[PDB]
């Protein structure tokens, strides 16, 4: 089976709705994808839905003969790391703790899949709330609901389908728990301090009302620090600092879903580090390759929590050993080359260019915004947005849509300023055509 026959072969068994290219695994590299059919190079601001930190075939991985051997050893088999430990696994865990760890959150748990990472964070919270309730003379049957935001995306699994609320296509006709959902008070253009404060106060009012009308039954509040799939919606730190206090007042855990924001994209290991709010639990995935949770803060107040008691959390493999070995090497590159700081600097550059676009096309390029390399802007209508994406595709630049009218940039941490310039030049070329 040959590149030109890939779509045909797959189409016999599956819905074939992805990109028109066929990925060349060997010739792709850095910020460029290679189409195996034409040899055409594509500028990648998409990074496999933001899951690639360094882009394709990074030199530090490709030229490292010792790493090749370690990776091969892992890749040939697939141990259940739940039950059977290895040196490869222990090296990953210690480097994860060194590069991404938070001293307040020492409990680590790994699994395959971002939705399942979020689910295990939820399970930790449900168990914590039931046991905390029990220890304080409250019915242990209480502690089963999850406070969350409108416009949230947390995955497509049994619990996260009750949380995710963006496109109806994701959730329609699937059974759900009736869990309390509040307005998301995100920053929008032309709202000053007082206007924002009033927006947040209303969300906060709705949050308090949920806690007071479902006493002892809300186990946690879950949020994305920046809502990705719902449209790159950013929140003031003040909002989360208030939610942190409300969570403590009502003995509920605060969980951040960093599956999209995490591993350096915003300029720090985690987006929450820049908001100055301490979570009790963090779910991670995508760029980390292996998915999972970090937990601590109030979790440790319940001595028999899911991190302390055998067999409360589990999966067959406990994460993919091949992903752990790759992730270990990627984390070492990040640490050695100062890639968080490179993300801060190139992030400021990308954002400056989007501000320039906004000035040049004030009616069309709306609400330029970003933290580190996680940047976006919006168009007047969804028709304009969809057309801009098509026009960029014709010009060999891959970007992702979000929400009704957003275009998002998800470059690798290793993106150069020339690559950012090429992307911006493509947008400038395409814009007169869309208008």
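Positions refer to the first chain, counted from 1.
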For this session: Please work out which of 160 to 168 and 188 to 196 has the higher mean CA B-factor as recorded in the PDB entry.
Result: 188 to 196
Problem set entry | Entry-level comparison of average CA B-factors, 58 to 66 and 34 to 42, reporting the higher stretch | 58 to 66
Seminar exercise, completed: Top Cα B-factor in this entry, restricted to 360, 112, 323, 258, sits on 360
Seminar exercise, completed: Note to self: of 145, 134, 120, 95, the C-alpha temperature factor tops out at 134
Seminar exercise, completed: Chain-relative C-alpha B factor for residue 319 (record values, thirds): the lowest
Problem set entry | Position of residue 211 among the chain's modelled residues by C-alpha B-factor, lowest, middle or highest third | highest
Problem set entry | residue 73 by Cα B-factor - lowest, middle or highest third of the modelled chain | highest
For this session: Taking the chain's C-alpha temperature factors as the reference, tell me which third residue 283 falls into: lowest, middle or highest.
Result: lowest
Seminar exercise, completed: Of the three thirds of the chain ranked by Cα temperature factor, residue 342 occupies the highest
